[PDB]
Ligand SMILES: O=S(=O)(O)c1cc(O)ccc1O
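In structure tokens, one chain follows: the form solved without the ligand.
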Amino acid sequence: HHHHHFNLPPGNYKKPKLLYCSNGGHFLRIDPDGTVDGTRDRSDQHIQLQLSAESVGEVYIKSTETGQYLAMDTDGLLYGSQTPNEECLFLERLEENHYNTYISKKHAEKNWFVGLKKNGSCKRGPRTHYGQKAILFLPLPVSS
């Protein structure tokens, strides 16, 4: 189990979702240029994400607008990848019996999470850790 707990969130991957971070209220965003950050603008066309399970509890998070995959690099920075690779897999887990957290599969032994600061900037892998609000997400339905 990668030396991590296995409490999984409910919900499925049938439809795209917005990944809302409760820390600052930002939605995760992957720009066509590959930069990742968060925005409070719900009309943004780069916050609609499609998650898919490659194994139970292991997901890819892809921009539905650009087809890019969320990934975390060797130095802990999130970026949008044009193709799927080992840096694009995340262990999706329930947290505080309510939220979803995403731990980098490649860097799971160091507990590097996907996280957004209150100012909307992504947190670097080593700066994240259990207990922070930056790592707590709620997958919300995409607007209609």
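Start at 1 and count along the sequence shown; that's the residue number.
Keep in mind the form solved in complex with the ligand is missing from the figure; the text below concerns it.
Problem - Distance check, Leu19 to the ligand in the deposited bound form, heavy atom within 4.5 Å - result: Because no heavy atom of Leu19 falls inside 4.5 Å of the ligand in the deposited bound form, the answer is no.
Exercise for the section: Answer for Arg42 alone: is it within 4.5 Å of the ligand in the deposited bound form, judged on heavy atom distances? Expected result: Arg42: no contact with the ligand in the deposited bound form.
Practice task
Determine whether any heavy atom of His98 comes within 4.5 Å of a heavy atom of the ligand in the deposited bound form, and answer yes or no.
Solution key: Answer no; every heavy atom of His98 is more than 4.5 Å from the ligand in the deposited bound form.
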